[PDB]
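As you go down the protein sequences, you meet chains D and L in turn.
Here the numbering used here is used: the first residue of the first sequence is 654, the next is one more, and so on.
Here the numbering used here is used: the first residue of the second sequence is 11, the next is one more, and so on.
Right, one structure below, let's go through it.
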Amino acid sequence: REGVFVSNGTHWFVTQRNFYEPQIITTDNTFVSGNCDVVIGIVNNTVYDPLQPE
Amino acid sequence: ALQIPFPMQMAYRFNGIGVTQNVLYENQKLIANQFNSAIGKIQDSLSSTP
Ligand SMILES: *[C@@H]1O[C@H](CO)[C@@H](O[C@@H]2O[C@H](CO)[C@@H](O)[C@H](O)[C@H]2NC(C)=O)[C@H](O)[C@H]1NC(C)=O
Ligand SMILES: *[C@@H]1O[C@H](CO)[C@@H](O)[C@H](O)[C@H]1NC(C)=O
Ligand SMILES: *[C@@H]1O[C@H](CO)[C@@H](O)[C@H](O)[C@H]1NC(C)=O
């Protein structure tokens, strides 16, 4: 939703575009759009659901 | 200077214009052709019109 995805080699994080403040990928800080096939450069990864433990 | 993939940079400009990033990635091929075609057209217009 804001910022870009980054990876330190193993994990994946989303951080603001002007300061390295990584955090876990969550459905709140991202938004779904369409299917995986259309976009190029997409990578496999899981998105944590905040209400999943609930 | 901060390196960044050019299609990703477009998403920044698209996001900074009022459209979501997805509209670019879902149309990256179309936009690229339009950009190249426009770049070709301006060259001809400059060459033709004195
Ligand atoms: C990338 O960052 C992740 C953040 O989770 C690192 O994973 C942690 O690494 C520390 C040591 O740096 C461990 O103590 C933690 O247990 C790890 N946590 C998880 C959830 O994996 C990961 O090591 C980093 N990868 C790098 C730096 O290559
Ligand atoms: C260019 O980007 C594509 C799509 O992410 C990737 O498959 C390819 O390996 C890249 N080329 C490089 C990194 O030289
Ligand atoms: C997971 O991995 C491959 C290779 O990264 C990717 O192309 C694919 O779309 C992903 N999903 C599945 C179900 O294979």
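Yeah, the Cβ is synthetic: ideal placement off N, Cα and C, and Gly gets one too.
How many Å lie between L/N32 and L/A21 at the Cα?
-> 8 Å
Quick one: any contact between the segment 40 to 54 of chain L and the segment 683 to 696 of chain D, if contact means 3 or more CB pairs under 8 Å?
-> no
Name the chain D residues whose beta carbon is nearer than 9 Å to that of L/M18?
-> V657 and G694
Using 7 Å as the cut-off, classify the Cβ of D/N697 as near or not near the heavy atoms of ligand 3, replying yes or no.
-> yes
Is L/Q38 close to chain D, meaning its C-beta is less than 8 Å from at least one C-beta of that chain?
-> Cβ-Cβ to chain D under 8 Å: yes for L/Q38.
Under 8 Å from the C-beta of D/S686: neighbouring residues of chain L = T30, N32 and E36
What is the rounded straight-line gap between the Cα of D/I678 and the Cα of D/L704?
-> 14 Å
Euclidean distance between Cα positions of L/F16 and L/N25 | Approximately 14 Å, taken between the alpha carbons.
Under 7 Å from the C-beta of D/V691: neighbouring residues of chain L = Chain-order list of chain L residues neighbouring D/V691: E36, by C-beta distance under 7 Å.
Indicate the three-state DSSP secondary structure (helix, strand or coil) for D/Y701 in the structure shown.
-> strand
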